[PDB]
Amino acid sequence: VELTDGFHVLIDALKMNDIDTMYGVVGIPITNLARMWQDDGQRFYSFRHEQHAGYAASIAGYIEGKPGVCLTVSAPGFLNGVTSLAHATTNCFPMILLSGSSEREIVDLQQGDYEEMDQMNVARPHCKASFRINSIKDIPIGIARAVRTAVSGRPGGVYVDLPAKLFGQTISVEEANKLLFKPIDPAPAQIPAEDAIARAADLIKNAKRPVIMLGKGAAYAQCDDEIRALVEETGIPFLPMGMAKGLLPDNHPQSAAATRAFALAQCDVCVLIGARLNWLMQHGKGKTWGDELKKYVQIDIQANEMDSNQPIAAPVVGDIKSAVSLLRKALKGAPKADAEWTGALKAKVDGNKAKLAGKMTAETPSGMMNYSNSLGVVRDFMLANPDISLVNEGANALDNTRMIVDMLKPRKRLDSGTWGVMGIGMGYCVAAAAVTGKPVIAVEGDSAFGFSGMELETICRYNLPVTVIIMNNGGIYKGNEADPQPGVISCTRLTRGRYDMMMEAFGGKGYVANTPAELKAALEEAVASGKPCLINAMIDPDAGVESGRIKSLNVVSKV
Amino acid sequence: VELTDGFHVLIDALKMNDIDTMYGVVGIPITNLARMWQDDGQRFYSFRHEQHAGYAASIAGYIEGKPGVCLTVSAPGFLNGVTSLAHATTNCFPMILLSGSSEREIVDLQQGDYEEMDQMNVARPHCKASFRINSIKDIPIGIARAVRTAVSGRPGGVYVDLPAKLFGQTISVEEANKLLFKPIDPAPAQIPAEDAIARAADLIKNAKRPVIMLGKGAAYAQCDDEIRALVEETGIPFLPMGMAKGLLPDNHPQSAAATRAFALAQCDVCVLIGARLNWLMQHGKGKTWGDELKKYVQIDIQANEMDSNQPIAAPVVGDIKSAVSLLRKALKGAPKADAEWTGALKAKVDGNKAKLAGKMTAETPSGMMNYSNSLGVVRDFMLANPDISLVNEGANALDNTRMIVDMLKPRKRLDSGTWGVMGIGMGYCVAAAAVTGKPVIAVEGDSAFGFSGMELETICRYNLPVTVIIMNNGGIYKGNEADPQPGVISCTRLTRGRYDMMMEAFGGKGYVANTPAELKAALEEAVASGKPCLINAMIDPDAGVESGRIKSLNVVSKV
Amino acid sequence: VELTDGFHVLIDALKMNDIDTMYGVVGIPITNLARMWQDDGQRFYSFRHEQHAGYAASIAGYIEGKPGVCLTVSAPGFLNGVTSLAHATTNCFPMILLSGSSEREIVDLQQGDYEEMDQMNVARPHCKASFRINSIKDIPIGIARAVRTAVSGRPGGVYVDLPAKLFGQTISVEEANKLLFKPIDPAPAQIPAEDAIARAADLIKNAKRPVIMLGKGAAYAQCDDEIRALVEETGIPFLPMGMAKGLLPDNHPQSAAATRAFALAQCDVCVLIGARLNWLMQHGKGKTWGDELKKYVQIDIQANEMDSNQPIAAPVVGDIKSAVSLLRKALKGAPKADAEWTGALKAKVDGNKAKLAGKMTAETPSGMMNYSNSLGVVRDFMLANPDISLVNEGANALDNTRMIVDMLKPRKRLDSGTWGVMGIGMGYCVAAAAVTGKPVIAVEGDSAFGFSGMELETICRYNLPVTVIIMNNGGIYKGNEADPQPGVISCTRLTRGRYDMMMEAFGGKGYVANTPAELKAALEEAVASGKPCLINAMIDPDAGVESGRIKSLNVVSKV
Ligand SMILES: Nc1ncnc2c1ncn2[C@@H]1O[C@H](COP(=O)(O)OP(=O)(O)O)[C@@H](O)[C@H]1O
Ligand SMILES: Nc1ncnc2c1ncn2[C@@H]1O[C@H](COP(=O)(O)OP(=O)(O)O)[C@@H](O)[C@H]1O
Ligand SMILES: Nc1ncnc2c1ncn2[C@@H]1O[C@H](COP(=O)(O)OP(=O)(O)O)[C@@H](O)[C@H]1O
Ligand SMILES: [Mg+2]
Ligand SMILES: [Mg+2]
Ligand SMILES: [Mg+2]
């Protein structure tokens, strides 16, 4: 009777759930899992730190709608991975963290095992569910549980603990075949009732000044034409959140993105589609919303997200594709939004965009670009080459890129997200390249970059078509903060370094860009090369402001 | 400008969410909340221990489909309540535990505050969500969050922490009335996709030996007529779980309850409606399922419950009412289940019921009734008086009542549930009496009763129409286990006590029943009286078996 | 080769660590552990609820200085026990909760096992350490870890998870003998440095108005003569906390207990011996301490208890026996405290005691005793019969007993403790009787009693020499709060019940006491009988005040 083992049953179960890629870092007790995964013909991306393998997994989940899978070792490796899992869960990205763990007997008596930790218990605050697979016979069910939990309801992170003793267990191939199975419909549709839709429809029809807010939940849903149809049929102005950019093209005539403050302050009805009324929307409170309670329509798969911050006048619970489809039919043939309202917003958008144009054409000294004339080059490039992932993080580097760089296609913009995480950059690049097979451009604050910068080597090792643009202003927000004391560097300063040389250290191509012309030539060559590149963009140390757009959130001393 | 305070804003927010009843125990810092609730005209039931207030709240939730509300003090009182909250979440019963807590400054520095505990964080494993309301202005949103979390998705427990400093905060009546609101549609319908229903219809139409399993989730859904219609139109034999008894009348001709072992072992398609494939169903594994994987159809609102134990061939995710309605329509005109299958089960049920009838007719010596002839009296009574809640817990006292006492009406049988909790009895009695305004009968094992027995005084104090039957066999399972050493009583023995005298001690009516005839007269009189009664049923100490029906789950020494 | 099993190895390991008694409730999967424990000749006390078995265990730990052991079943049973474990840890009482748990495979995949819970993880906030013993071979080490953690450092609770699969494992007797071992010195002495003692000595010598505060840590230490020698040699006035009463006799001439407010407010140096500067001492802040920072000496085994609330001028870290012994030698021959100070306090003590005498002699109508003339009888009895445990809980019933009933012997008074827990009463009685072999008297508020009252049956079943005095005032604080609405009883009301009849229901002796004379005759007969008794003491419903001595801690509405 022929036998197989835990290693192979796990490999088979993952494949049966349509996993063909893992992101991780090897070591005891999972090195041979990664090896045999590769031997079987599957993809393993080895990173320089598990956190970045984890961030890769998180965004693979977002882009594909199936869980990104991260593989780590026990205690120290797991901890690094779980920080990323926490980020996945916060952002509603489907992800499975797989980690090796040590001996149950020793760990449970806290005796000081190799990399000792109750990883299953430690994971709980950071994921939807934390499981452990103890027996070879339970591998298929365990992986099914993990996948379903990751992709159903509000998508998010799942931890699966894999004790070292699992892998060496054996079972007959006959019995293994009998246990292996593919879950049916792991991310089911959830359809709202007619009266929930009708309530929303009535609110929208009676609105004088409606807006639609598209969140990354709407982008994640992959029902791009449904959402575009709703916007265009209703004639309602829309606003995208950071990663909802490109769901409809950012240059769509009904976009009110360039007059956000006025749009939100003056609207009466606001339709939230896969977007939380959280800190990014000032909790539906304060001067952002004209110091009044708006009439909110909200479409969300998570029932208890309703009334989290402000009373929701028309809650619609279900998956966005089902709900928007029904809402469209409910609104069939209804009058479009008032031309006075939409025309007023468009006039402001045109005016503000004209002002931005002026800023982007401004001339600066060599090696002293500002955020407008530098990012203006990236804007033009992305308008001409929209089928490219745009990774973005920083303060000024984040906010100005969100403003300036129009996305024409969905799920291309990948940024710091709900927790405003610095560190997602290089991991996001690896996963974006891996899952799309297309180029990636990253616009990185120089501080932001340092959180994941060593993964430049990972990007070179896999010869990925990634161009990293460092917005090198020489520090956090600014690069010119004075020494607080004699010979003492300010805490916000960074070396205005040759990141180009660091890229070249690992076989990539480096550029220095001192002017917009040089940045343009570098970017065009870099993307065309299809090879790993870094462009060191020399930004004026005085160009940025404190915390970018969220300056007012800082706590300052008054004594 | 007229002011109000946290006490009143909280009272009003609870009322806006249709809460008119709390179960609790008073003390610092919440006595005056309870007082003002009563002063306002709402109901407060004071118990002798918070655990029983908590169990009361949990079953109020099950019966009504709105969260039962428990009020406790800080640390020691909170802990008692949170054990019941854990039970509620485990059983999918909607419940809100409200507890006072101490000073944030002192507790957060672990300095030894009055009843010091981080109750919010301690609650987390035992509920769907644990919240704290710090500001008077957030009371309406906080309660909305709690109610929505309790009743939406899979219903369950929610903890709401109320720091002592909340209640004395003040606000204008004008501003408070602006903040107060009623959540729209807190427990929304969730409708499954057409293909999910079609997959279920296909399996049912091709089944040779189908069964339908009804769980307490089906009962909770309150679509009794729809479920009965599905059963009757398909002609499929059905089996109720413990608290699904009465969803369809237990004497319905399609019930296979009296031939459960054969039905489950021999079936091909099994339709799980609001019932988990957990320990109560032996995880869909082993001898009880003929050592094979059945074709499971499952209807559940919790997406990731699918494939928790065995592969589910037709997962139907959504609320049971919506799903059953669609499934019915998907099966319209299909032939009824095979007559040789349904005929075979009916013959077995008829034979088994005949054997049980023989047992219930058995004659026993005075003071030495067995479980059949004693519970046969309760059976006849409940058939003549079906509009009464039947509370039940114990081992033999539980299993034999579930078998013998037929329920004709839904949501009347209230038992130990998913964790097989001893302790639910008297709390369940108070809540059932309070929410139904009708009589309650409790069939209690004598050990079972001791977990909540002090609450007889609560039952007497509120003059509730509750008749408690103590199955007094003098111990756990049996009352005759030999002294393990000379002069040393066995750990399983209990005093064969005068529980009637204990009831009389608090103004209740006490009876001793030594024969079925005495039990019958006592029960009829007690229920008819409309007063709090206890019947001390004298059961043969040798009548029961080890752990009743779950004898085989015991761990025994073989050395 | 002869074999033994998990059951027997565990029994042997417990005995080797000097455990001969467990308190618990049986059921799957531990019934046969309890049975075989009894078969071996050890004591098992079966309760009616695990919480009270747990409270028993906690106080057995306090009285004996070795961990009280509580045994429960999985999930629901464990939860009940862990509430008591949390109380043990809060009070620094050594305790081990042993609980059965279910199948690792099933529980770890959250599949719905019998009584499913990660009990090990759930216990963590409530104990010093939470362990699980997976393998038969690790039982001796596991029990050693539990005992050491329970009794060393700051004593407290420990949870040991015992999966069902442990008990049936086998091992050769030869190998079992080799693994069994007794831990060496599980509660070691910890001796402070000379300079720590010298600092304290200097502070004490230079004090003008010193006081010594004795906490229950000092009582727990069992170095009664060391502490008495320190007090008498220094001539410093002392004050006992609630359970430190009797460490020195409460009628000792240097006791300042009867002038506490003045003593604490006017002292300059305060010596804390096994007593935390927590809420019981108003955190060393406010008018209790004359609104100033005192010069604190503190002796405690827990280093980081120092500076928890107020700066400690002379921290002495180590075990109380070692520290007090060294301090005595450091103070050898030093002048006694100023006679002006000690004489001033004694004059106030005599005056206040004379006033109390007047109250205790006061005459009241039959069935309307107050707290002074009723508890005056208990005072006289305990002065004449000091070798009796005095259990005490309630509000007015607690505070007035602490004031009125002088303890002459150490570790006899057992009360609500650090969390002011209602519920410790009947469990405390069982353990006190079990470990002392001497009588127990309980003074119980009627509300307090209801939290554990069913355990009267447990007290009768084991024929324990326990006399329960119910301070029956008919409610919480008072028994006469008006109906808030027509026909609606106030939340603070309780049935003024015949608790005497409840005692007699289970074979105990009941008394009703309407006057001090009747209370005295009843108490003398009850204690002399050596049998289980309850005295139902009829207290004036209007005698008590809101929350007793902590009235000012209540939160009251001002609108
Ligand atoms: N397929 C889906 N259908 C409906 N709602 C979804 C779906 N996927 C995610 N969501 C919801 O989308 C929301 C995402 O909000 P958020 O991350 O705050 O977006 P943003 O940051 O763009 O505003 C979450 O509330 C989540 O429950
Ligand atoms: N309204 C509802 N619609 C669909 N499923 C529900 C609803 N309410 C509860 N449920 C589900 O019902 C199930 C109850 O199962 P369980 O408590 O195991 O029942 P039983 O013990 O009777 O078999 C849970 O899985 C829960 O998610
Ligand atoms: N043997 C011992 N030696 C020194 N300190 C001890 C010993 N046993 C317990 N303690 C300490 O005694 C203190 C007990 O304080 P607490 O419970 O607040 O007493 P009280 O409530 O009587 O004031 C704890 O800080 C604990 O660390
Ligand atoms: Mg920078
Ligand atoms: Mg019994
Ligand atoms: Mg009282």
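Below, chain A is the first sequence line, B the second, and so on; all start at residue 1. Computation of the quantities below employed the complete heavy-atom set of this structure, encompassing side-chain atoms and omitting hydrogens, waters and symmetry-equivalent molecules.
A donor-acceptor pair under 3.5 Å is absent between the side-chain atoms of C:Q51 and the main chain of C:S84, judged by distance alone. With hydrogens and angles disregarded, a donor-acceptor distance shorter than 3.5 Å links the side chain of B:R461 to the backbone of B:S46. Counting only distance, with no hydrogens or angles, the side chain of B:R145 and the backbone of B:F131 share no donor-acceptor pair below 3.5 Å. Using a distance-only test at 3.5 Å, with no hydrogens or angles considered, no donor-acceptor pair links the side chain of B:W419 to the main chain of B:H87. The closest donor-acceptor contact from the side chain of B:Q169 to the backbone of B:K165 lies under 3.5 Å. Side chain of B:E457 to backbone of C:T495: a donor-acceptor contact under 3.5 angstrom is found. A side-chain donor-acceptor contact under 3.5 Å links C:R124 to the backbone of C:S130. Distance alone, capped at 3.5 Å, is enough to place a donor-acceptor pair between the B:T89 side chain and the B:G157 backbone. Using a distance-only test at 3.5 Å, with no hydrogens or angles considered, a donor-acceptor pair links the side chain of B:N32 to the main chain of C:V555. Checked by atom type and distance alone, the side chain of B:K128 never pairs as donor or acceptor with a backbone atom of B:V158 at under 3.5 Å.
Rounding to the nearest 0.5 angstrom, the gap separating the SG atom in B:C429 from the CG atom in B:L464 is 9.0 Å.
Ion pairing between A:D300 and A:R276 fails under the 4.0 Å rule for side-chain N and carboxylate O. A salt bridge links C:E546 and B:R35; the closest N-O separation between the charged side-chain nitrogens and carboxylate oxygens is under 4.0 Å.
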Practice item. Show the numbers, then the answer: is there a side-chain contact (heavy atoms from CB on, under 4.5 Å) between B:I171 and B:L179? Key: CA-CA 11 Å; B:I171 194 172; B:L179 289 165; 3.9 Å; yes
Checklist line | side-chain hydrogen bond (donor to acceptor under 3.5 Å, both in side chains) evaluation trace for A:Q302 with A:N304 | finding: CA-CA 6 Å; A:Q302 186 65 37; A:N304 83 331; 2.9 Å; yes
How far apart are the C-alpha atoms of B:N91 and B:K216, what are their side-chain angles, what is the distance that settles it, and do they pass the side-chain hydrogen bond (donor to acceptor under 3.5 Å, both in side chains) test? CA-CA 9 Å; B:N91 281 275; B:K216 63 177 189 284; 3.1 Å; yes
So B:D118 and B:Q110, side-chain hydrogen bond (donor to acceptor under 3.5 Å, both in side chains) or not? Walk me through it.
-> CA-CA 9 Å; B:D118 191 317; B:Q110 299 166 223; over 6 Å; no
B:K66 and B:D18: salt bridge (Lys or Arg N to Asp or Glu O under 4.0 Å), yes or no, with the steps? CA-CA 8 Å; B:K66 77 175 172 195; B:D18 297 316; over 6 Å; no
**OP:** Would you check, one step at a time, whether the test side-chain contact (heavy atoms from CB on, under 4.5 Å) holds for B:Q111 with C:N278?
**Re:** CA-CA 6 Å; B:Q111 299 184 299; C:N278 67 5; over 6 Å; no
Q: Test side-chain hydrogen bond (donor to acceptor under 3.5 Å, both in side chains) on C:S416 and C:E393 and set out the steps.
A: CA-CA 5 Å; C:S416 297; C:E393 49 167 358; 4.5 Å; no
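Looking only at side-chain heavy atoms (C-beta outward), B:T90 and C:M117 stay at 4.5 Å or farther from each other. For the pair C:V25/C:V73, no side-chain contact is recorded, criterion being any heavy-atom separation below 4.5 Å from C-beta on. Taking 4.5 Å as the limit, some side-chain heavy atom of B:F451 sits within range of a side-chain heavy atom of C:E50.
Within the 6.0 Å centre-distance limit, the rings of C:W279 and B:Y114 are counted as a close aromatic pair. Checked against the 6.0 Å centroid threshold, B:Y23 and B:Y55 do not count as a close aromatic pair. Centroid-to-centroid, the aromatic rings of C:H52 and C:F47 stay 6.0 Å apart or farther. B:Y45 and B:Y462 have their aromatic ring centers within a separation under 6.0 angstrom. Taking the centre of each ring, C:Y159 and C:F78 come in below the 6.0 Å mark.
When all heavy atoms of B:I30 and B:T72 are compared, the pair lying nearest together is CG1-O, 3.4 Å.
Of the options B:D5, B:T4, B:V9, a side-chain contact (heavy atoms from CB on, under 4.5 Å) to B:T170 is made by B:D5 and by none of the others.
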